[PDB]
Amino acid sequence: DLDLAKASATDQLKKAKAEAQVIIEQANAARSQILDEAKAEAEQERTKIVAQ
Amino acid sequence: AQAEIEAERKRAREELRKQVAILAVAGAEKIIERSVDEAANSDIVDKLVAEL
Numbered sequence: 053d054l055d056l057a058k059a060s061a062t063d064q065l066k067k068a069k070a071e072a073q074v075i076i077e078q079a080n081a082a083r084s085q086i087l088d089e090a091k092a093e094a095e096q097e098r099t100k101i102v103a104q
Numbered sequence: 105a106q107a108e109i110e111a112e113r114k115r116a117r118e119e120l121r122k123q124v125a126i127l128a129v130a131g132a133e134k135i136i137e138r139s140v141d142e143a144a145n146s147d148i149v150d151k152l153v154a155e156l
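Protein chains in written order, with the deposited numbering: chain X, 53 to 104; chain Y, 105 to 156.
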């Protein structure tokens with residue numbers, strides 16, 4: 053049972069470490085979408101202003 | 105966008121200055137053509153020879 057301490061740690065540590073990566077990836081996608089949409093709205097404001 | 109608009113306005117103003125200058129000097133040419141005087145020409149000659 054003592055020899056399972058490393059086993060019991062690997063049952064938690066590496067899985068959480070991997071999950072952190074997808075947690076970061078989803079935020080990365082959200083950031084990319086937010087910045088792209090901001091640029092796409094700013095361009096349509098600028099075009100409107102200059103056309104006026 | 106606002107800077108672009110202001111720059112276009114300044115360019116338009118300079119354009120109008122360029123427009124007016126050419127036809128203004130071209131009209132001044134005709135003013136000379138139809139207001140010249142031989143006494144004025146002699147005055148010009150005597151003025152420039154008096155300061156050569």
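Just so it is clear, CB atoms sit at the ideal spot from N, CA and C, and this is done for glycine as well.
Subject >> Residues that residue 109/Y contacts on chain X, provided the C-beta gap is smaller than 8 angstroms >> reply: Here residue 109/Y is taken as the residue at index 5 of the second sequence, counted from 1. Going along chain X in sequence order, the residues near residue 109/Y (Cβ under 8 angstroms) are 101 and 102.
Subject >> Minimum Cβ-Cβ distance from residue 105/Y to chain X less than 8 angstroms >> reply: Residue mapping note: residue 105/Y aligns to position 1 of the second sequence, counting from 1. By this cut-off, residue 105/Y is an interface position.
Original post:
If residue 98/X and residue 105/Y are in contact, beta carbons under 8 angstroms, what's the gap, nearest whole angstrom?
Top reply: Position 46 of the first sequence, counting from 1, holds the residue named residue 98/X. Position 1 of the second sequence, counting from 1, holds the residue named residue 105/Y. The C-beta distance from residue 98/X to residue 105/Y rounds to 4 angstroms, short enough to fall under 8 angstroms.
Subject >> Alpha-carbon to alpha-carbon, residue 60/X and residue 76/X >> reply: As a first step, residue 76/X must be located in the first sequence, where it is residue number 24. As a first step, residue 60/X must be located in the first sequence, where it is residue number 8. Approximately 25 angstroms between the Cα atoms of the pair.
**OP:** Note the first and the last residue of the continuous alpha helix (DSSP H) segment covering residue 88/X.
**Re:** Here residue 88/X refers to the residue found at position 36 when the first sequence is read from its first residue. 65–103 is the extent of the alpha helix (DSSP H) around residue 88/X.
Subject >> Between the CA atoms of residue 121/Y and residue 114/Y - distance to the nearest angstrom >> reply: In the second sequence, residue 114/Y corresponds to position 10, counting from 1. In the second sequence, residue 121/Y corresponds to position 17, counting from 1. One C-alpha to the other measures close to 11 angstroms.
Original post:
Does any CB atom of chain Y fall closer than 8 angstroms to the CB of residue 98/X?
Top reply: The sequence position of residue 98/X within the first sequence is 46, counting from 1. Judged by the 8 angstroms Cβ criterion, residue 98/X is in contact with chain Y.
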